[PDB]
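Taking the form deposited in one PDB entry, here's one chain by itself in structure tokens.
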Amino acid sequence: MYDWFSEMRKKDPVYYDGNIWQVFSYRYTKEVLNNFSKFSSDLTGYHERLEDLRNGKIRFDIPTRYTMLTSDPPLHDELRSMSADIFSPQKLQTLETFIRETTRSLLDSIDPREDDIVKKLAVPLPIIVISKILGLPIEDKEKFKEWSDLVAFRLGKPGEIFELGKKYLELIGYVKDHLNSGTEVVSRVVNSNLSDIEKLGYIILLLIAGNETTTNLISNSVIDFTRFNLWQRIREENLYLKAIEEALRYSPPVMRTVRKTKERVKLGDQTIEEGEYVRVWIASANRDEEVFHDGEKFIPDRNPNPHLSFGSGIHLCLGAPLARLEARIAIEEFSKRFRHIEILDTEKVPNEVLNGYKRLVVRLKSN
């Protein structure tokens, strides 16, 4: 896919295909993400329905349509300010011990003759941590994996990232049943003046939305380090942080995101009408030569590395510090426990926005 990115970057970085607008270069990507007053995140009509949600006129709707992810200021800032302290680096550092012991406990269950590190390490780790942070118990190990998988690009429903159905109704039920069992962040949302619909939305978003993406950051990291044979340079030169930032730049777990225009705007020398959808290719922008020298080479100590894999502007990923911390510990521990890694079989995640592996079968040499 990167092949096409390169050519669109050179010949056509702002491109209308007759359907929607697409952006490929770093400069125009960054400006669409930052300029919240011209490029809206309100894809589900959250602002337009806010009053009727709160006053009860809307009795039923899909809770995950009305979260901070699909809102603009001030509503976005108001929603986000309720949990921003919890996910900041300062507060998360508390958790470094829990993550490190959970990681090790997981590395134990691995069979080095042959195992799937997606199934034994990459999938469980984010689920266990977010559950700790939120105070919600993992009743069924299996249904958390399933619910985590409900996250997906839905065609025709922009800004919707959850697949619906009976699995979804279960998620909602489970959340109602544990409302009053949560930690600090959950209490704040519950006691707030949000509608019940928004509360469910808020919690489900935090519980679920970040699992698969983190799983993918871990897997992509393992893959990239192996294929370019960097495992021992990364370790002897202690490059975990900058290496993982490079995995993020090179193999982003989220490939693209979308905005809608609030008004006629001029992006480069194109004119986008008011009301158009603008698809922003994070993955292409992460390799724009104008910003990254040798953009198609993986460079584990790269610096500076201002990639957009967590986005930019007011929606910059709430979970970015958490994701960096989980990834880094997991790599480190893995890296000290095994020294030779052979990749036997892979299965990519087959869909288009999310970029990772469903299976990653390896054989390992342990120390």
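Rigid core here is just the name for the largest C-alpha set that superposes within 1.5 Å across the two forms. From 1 onward, residues are counted along the sequence shown. Only residues modelled in both forms are compared.
Missing here is the form deposited in another entry; even so, the following discussion is about that form.
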query: Flagged residue of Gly135, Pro158, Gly268, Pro112 - C-alpha shift reaching 2 Å or more between the shown form and the other one, core superposed; finding: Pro158
query: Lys91 C-alpha shift between the shown form and the other one of 2 Å or more, rigid core reference; finding: yes
query: Direction of C-alpha distance change in that other deposited form, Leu155 to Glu212 (at least 3 Å); finding: closer
query: Cα separation of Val258 and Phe153 in that other deposited form versus here, shift of 3 Å or more; finding: farther
query: Regions of at least 3 residues displaced between the shown form and the other one by 2 angstroms or more (CA, core superposed); finding: 1 to 4, 57 to 60, 88 to 91, 151 to 164
